[PDB]
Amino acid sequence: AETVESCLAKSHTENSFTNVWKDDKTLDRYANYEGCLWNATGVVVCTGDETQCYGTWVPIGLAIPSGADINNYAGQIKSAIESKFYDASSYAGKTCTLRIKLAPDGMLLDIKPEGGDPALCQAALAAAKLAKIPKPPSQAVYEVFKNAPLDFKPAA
């Protein structure tokens, strides 16, 4: 078994988890993996149903009591948008949740804030509008992300 203190020492990981749940207050997204509790940070890209999310995952203590093509394209959307958020640490401590509109093209049709800090939400919109999102690898994967939820939760 892990201790709370061994968990907090694990390395951050870039990946997606399934069985994700949200805190509709903090707007935090969490997951249990290998006996630790993880929180999704940076830019976070979820499937339309918000069960599977790709983010920069950070451990915050002990756990609380297609397939590869989906995980891969979510990673590509995250990198395309987060690489344009040049001054993320200026919003450390803030969150914004947004929703996108994607074309089969990979073109960003639209993006809209849905909640969180107003100055971070405006910076997130500007970063997303600069992004060059690759084309989806398949119509099936496009349908999965064509209306995806996106969070920004920047680090210190």
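Each residue number is its position in the shown sequence, starting from 1.
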Decide which of the stretches 1-9 and 146-154 has the higher mean C-alpha B-factor, going by the entry. 1-9
Give the stretch, out of 48-56 and 91-99, with the larger mean C-alpha temperature factor in the deposited entry. 48-56
By the CA temperature factor listed in this entry, which of these ranks top: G67, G42, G116, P104? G67
Highest recorded Cα temperature factor - choice among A124, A63, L108, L130: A63
By the entry's values, the third containing the CA B factor of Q76 is the lowest
